[PDB]
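Q: Following this message is one structure expressed as structure tokens.
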Amino acid sequence: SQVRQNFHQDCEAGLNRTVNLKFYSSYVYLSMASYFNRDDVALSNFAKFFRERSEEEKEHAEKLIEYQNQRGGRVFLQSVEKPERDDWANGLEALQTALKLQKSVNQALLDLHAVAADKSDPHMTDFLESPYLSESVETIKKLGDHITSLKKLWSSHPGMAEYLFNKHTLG
Amino acid sequence: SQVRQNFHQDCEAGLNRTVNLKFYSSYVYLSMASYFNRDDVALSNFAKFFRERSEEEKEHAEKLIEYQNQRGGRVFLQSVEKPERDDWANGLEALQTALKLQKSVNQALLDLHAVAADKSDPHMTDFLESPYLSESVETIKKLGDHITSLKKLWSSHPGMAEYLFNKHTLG
Amino acid sequence: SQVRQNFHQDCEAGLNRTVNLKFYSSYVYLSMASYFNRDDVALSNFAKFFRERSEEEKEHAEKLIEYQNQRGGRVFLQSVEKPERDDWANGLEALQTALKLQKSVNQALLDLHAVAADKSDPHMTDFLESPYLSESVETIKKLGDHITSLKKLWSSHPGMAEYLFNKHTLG
Amino acid sequence: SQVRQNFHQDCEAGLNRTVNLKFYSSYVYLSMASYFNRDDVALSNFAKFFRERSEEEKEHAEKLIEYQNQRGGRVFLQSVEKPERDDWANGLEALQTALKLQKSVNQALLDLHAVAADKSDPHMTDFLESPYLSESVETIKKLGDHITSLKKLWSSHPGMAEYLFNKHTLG
Amino acid sequence: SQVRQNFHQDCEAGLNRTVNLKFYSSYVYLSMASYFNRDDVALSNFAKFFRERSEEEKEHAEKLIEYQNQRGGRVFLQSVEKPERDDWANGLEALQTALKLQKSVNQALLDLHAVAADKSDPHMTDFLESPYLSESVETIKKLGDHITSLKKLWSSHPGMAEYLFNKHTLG
């Protein structure tokens with residue numbers, strides 16, 4: 001690329017890997033959002049929450065793809081694996097997996113950032129920090145809060161827990 | 001001070017003491033507000049409530065400092081002791097300590113008022129009465145109400161108690 | 001904390017230390033602002049300037065406390081030491097101490113940043129840079145300018161220096 | 001008076017005495033305001049300041065007279081003595097006498113308040129406190145500030161002192 | 001009365017009796033509203049509800065007094081007995097007594113109406129029907145609904161029952 005400058009191939013490859021990870025995340029969130037809209041689950045706000053998280057990960061994936069081009073990198077798309085499960089049991093379990101997924105996505109961003117810094121790319125490093133890295137801690141803290149509130153109610157009544165959380169917290 | 005008139009040194013000293021007490025109160029409220037924002041506590045409105053109470057005590061402290069100057073008094077700042085604890089257990093316990101703290105602050109204002117009246121200072125006496133003394137009884141009554149509502153739910157379900165109170169009462 | 005990820009204990013501890021430093025700074029600025037409102041000092045704008053600087057440091061302290069929570073850190077509050085003096089002599093002396101205080105706060109932020117980078121935390125590093133680090137150099141440059149202007153007048157007339165500076169520069 | 005209740009004759013007499021004192025104050029302020037408008041003095045803002053203080057004391061006198069009637073008291077007007085001097089030398093001297101006059105007016109209000117409390121009249125006591133007593137400390141502090149600023153410049157240059165103060169502070 | 005026409009003395013006397021009954025009702029409602037604002041009860045909306053019911057009964061009493069005059073009747077006021085109790089135990093008990101009180105007030109209106117019809121007074125009869133008689137059935141039905149909702153929750157949890165009802169139904 002005539003545009004390419006100070007863009008290492010490990011940064012290029014890492015970008016493609018993380019791009020796939022972001023699509024995989026949105027796919028997982030889409031799976032969760034669909035499960036909650038089931039007539040036998042009926043947690044509308046839980047679904048909306050996972051639906052938004054889905055669009056957000058997709059959006060990131062596209063901004064990473066767009067970043068690949070801006071730097072003169074070449075984007076190579078891989079297949080996106082389906083979620084580990086089609087049934088997410090309940091809201092607490094759904095929230096818990098989301099937190100784990102967020103932490104792995106964050107770990108991926110942190111690792112890529114490391115290689116970017118390693119190769120002395122202040123631009124990529126800066127790009128990853130905001131809003132990617134910042135968004136992760138915000139979402140992780142937010143998920144962590146939701147799980148706490150749900151757990152406090154879960155002990156009282158699980159069925160009512162999801163219902164209340166669904167109306168008041170995710171509403 | 002060329003401005004000083006009918007301002008007794010016991011009133012001056014009492015002002016400085018109470019000023020420190022107000023900073024100490026806001027510091028305690030700040031401590032409580034921080035505890036409730038913890039991911040493992042997650043009571044957003046409880047935190048907001050203590051955060052406001054924090055700014056309010058700080059504001060009073062500054063208006064007392066400003067009053068010290070207006071009367072020709074000299075303000076002497078002391079160190080502000082850290083709160084008795086960093087972990088406030090729960091909302092009921094947090095509310096209960098707040099009530100006790102408010103009552104001691106009120107007792108301090110009442111005592112200072114007494115010395116002001118003793119030294120025949122109608123100005124200081126008037127100054128303490130509103131909004132300092134009035135604000136205390138309002139807040140104490142309000143805290144007393146909150147504790148009652150929380151206690152009624154606590155018996156039903158403690159986890160749900162804080163959650164409901166947090167959304168409906170402190171919201 | 002279920003939220004905690006890539007958050008080293010040295011970063012956690014450093015955060016608590018710097019938090020106390022920020023409260024200490026606002027307390028010092030509050031002390032200066034009170035001194036200037038004395039009937040025998042009467043530099044209204046000097047006071048307003050230090051009053052704003054006071055609220056700004058307090059605000060930072062709270063955003064650091066809030067950051068501690070977001071990362072899954074636990075905030076531990078220490079007592080906040082009173083300012084070194086209750087009488088700040090004059091405006092030049094007051095401005096000079098402010099500059100020294102700002103430089104030590106900046107040095108603290110720079111050191112914390114260093115440990116953050118050392119532990120490979122791109123998030124904290126990013127967080128410290130703006131607005132904390134940027135705010136410091138802005139304020140330090142601004143204080144440096146004020147001192148220069150005051151010094152130029154001081155040679156002409158000290159009493160008039162503070163008066164003019166107070167009306168024109170800090171006004 | 002069919003209206004009179006819990007209104008002691010010492011409170012009634014004290015009211016008439018203080019009423020005369022308020023007229024005397026406005027007369028003194030009027031004297032000062034006139035001196036500053038002299039072509040050979042020319043301190044327009046100093047004059048405006050004393051002119052306002054004049055109207056303010058007059059207004060108080062009338063509100064005290066109105067209070068006398070409301071309580072069923074009978075107002076007895078005495079002659080109002082002319083000011084001690086027709087030439088007020090300069091702004092510093094003028095400001096210094098104003099401060100002394102304000103302190104004597106304040107002392108009168110404080111004494112009357114004392115007799116009101118002595119006779120157990122919560123109404124009069126309340127009436128004196130605001131805005132009479134509060135207005136005094138505000139004005140005394142304000143005068144005290146003005147004198148300080150003027151004195152700082154006076155040492156530099158007296159002629160320029162009044163000119164600057166006149167434009168910037170009293171403007 | 002030169003105005004009096006087709007106004008029987010039994011209607012006149014019945015009016016005075018019912019007037020006292022209306023004051024007695026508002027007094028009872030005032031008692032209930034005060035009990036709920038106690039710091040140890042803290043049911044703000046329950047209090048507001050009884051406070052409104054209080055003003056409504058008072059208003060009716062005055063419209064009956066005004067009606068007495070319009071017809072050329074002479075109003076004779078009797079003493080208004082204090083409520084049967086100062087402590088209303090809880091919300092369910094409070095609501096239950098309100099329903100009983102409403103039914104006795106309704107019974108009084110129905111009886112008076114009967115004497116009005118008996119004496120062939122189409123005007124009074126019409127006057128009682130709206131809004132007095134209509135207001136009663138509306139309020140009685142409304143109270144009946146509230147008691148049902150409260151009772152359904154009471155079985156689940158009494159403390160939470162009053163809290164929820166207080167926020168959602170009476171809110």
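Numbering starts fresh at 1 for the residues of each chain in the structure tokens, the chains themselves are lettered A, B, ... in the order given, and ligands are numbered from 1 as they appear.
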Please build the interface table for chain B against chain D with a cut-off of 8 Å, listing for each qualifying residue the nearest atom pair and the distance in Å to one decimal; count only C-alpha atoms, order rows by chain and increasing number, and write it as JSON lines.
A:
```
{"residue": "B:2", "atom": "CA", "partner": "D:144", "partner_atom": "CA", "distance": 6.5}
{"residue": "B:3", "atom": "CA", "partner": "D:141", "partner_atom": "CA", "distance": 5.7}
{"residue": "B:5", "atom": "CA", "partner": "D:103", "partner_atom": "CA", "distance": 7.6}
{"residue": "B:70", "atom": "CA", "partner": "D:141", "partner_atom": "CA", "distance": 5.7}
{"residue": "B:71", "atom": "CA", "partner": "D:137", "partner_atom": "CA", "distance": 7.0}
{"residue": "B:72", "atom": "CA", "partner": "D:141", "partner_atom": "CA", "distance": 7.8}
{"residue": "B:120", "atom": "CA", "partner": "D:114", "partner_atom": "CA", "distance": 7.8}
{"residue": "B:122", "atom": "CA", "partner": "D:129", "partner_atom": "CA", "distance": 6.7}
{"residue": "B:123", "atom": "CA", "partner": "D:133", "partner_atom": "CA", "distance": 6.4}
{"residue": "B:126", "atom": "CA", "partner": "D:129", "partner_atom": "CA", "distance": 6.9}
```
Q: Do a neighbour search on stretch 24-32 of chain A at 8 Å with only C-alpha atoms, toss out local chain neighbours closer than 5 positions, and write the hits as a ChimeraX atom specification.
A: /A:47,50-51,53-58,80-83,86,88,94,98,101,105
Q: Residues of stretch 8-167 of chain C classed as helix (DSSP H, G or I) by DSSP on the backbone are to be reported as a VMD selection string.
A: chain C and resid 9 to 36 44 to 70 91 to 118 122 to 156 158 to 167
Q: List the neighbours of residue B:159 out to 12 Å using only C-alpha atoms; skip same-chain residues closer than 2 positions along the sequence, and give me the result as an MDAnalysis selection string.
A: (chainID A and resid 148:157 161) or (chainID B and resid 41:43 90:92 150:151 153:157 161:166)
Q: Any chance you can output those residues with C-alpha atoms as an mmCIF file, in the first residue's frame?
A:
```cif
data_model
loop_
_atom_site.group_PDB
_atom_site.id
_atom_site.type_symbol
_atom_site.label_atom_id
_atom_site.label_comp_id
_atom_site.auth_asym_id
_atom_site.auth_seq_id
_atom_site.Cartn_x
_atom_site.Cartn_y
_atom_site.Cartn_z
ATOM 1 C CA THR A 148 -24.764 -8.108 41.756
ATOM 2 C CA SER A 149 -28.291 -6.671 41.728
ATOM 3 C CA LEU A 150 -29.661 -9.817 40.112
ATOM 4 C CA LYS A 151 -27.883 -12.041 42.667
ATOM 5 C CA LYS A 152 -29.340 -10.108 45.628
ATOM 6 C CA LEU A 153 -32.850 -10.725 44.320
ATOM 7 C CA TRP A 154 -32.107 -14.280 43.153
ATOM 8 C CA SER A 155 -31.762 -15.348 46.799
ATOM 9 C CA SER A 156 -35.120 -13.794 47.594
ATOM 10 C CA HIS A 157 -36.946 -15.098 44.490
ATOM 11 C CA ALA A 161 -35.579 -11.424 40.262
ATOM 12 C CA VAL B 41 -22.688 -3.349 46.175
ATOM 13 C CA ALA B 42 -24.204 -1.562 43.176
ATOM 14 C CA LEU B 43 -26.748 0.697 44.933
ATOM 15 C CA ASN B 90 -25.208 -2.547 53.835
ATOM 16 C CA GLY B 91 -27.839 0.134 53.237
ATOM 17 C CA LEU B 92 -29.579 -0.221 56.600
ATOM 18 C CA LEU B 150 -35.963 -0.087 54.737
ATOM 19 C CA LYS B 151 -36.627 -1.972 57.998
ATOM 20 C CA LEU B 153 -38.752 -4.556 53.762
ATOM 21 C CA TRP B 154 -35.658 -5.959 55.496
ATOM 22 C CA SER B 155 -37.894 -8.384 57.411
ATOM 23 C CA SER B 156 -39.481 -9.515 54.166
ATOM 24 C CA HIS B 157 -36.231 -9.751 52.154
ATOM 25 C CA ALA B 161 -35.117 -4.365 50.423
ATOM 26 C CA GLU B 162 -32.082 -2.375 49.329
ATOM 27 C CA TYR B 163 -32.944 -2.920 45.660
ATOM 28 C CA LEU B 164 -36.530 -1.626 46.004
ATOM 29 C CA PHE B 165 -35.617 1.221 48.331
ATOM 30 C CA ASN B 166 -32.830 2.103 45.926
#
```
Q: Just give me the gap between atom CA of residue D:17 and atom CA of residue D:78 in Å, one decimal is fine.
A: 8.5 Å
Q: Can you tell me how far atom CA of residue A:23 sits from atom CA of residue A:87, in Å to one decimal?
A: 19.6 Å
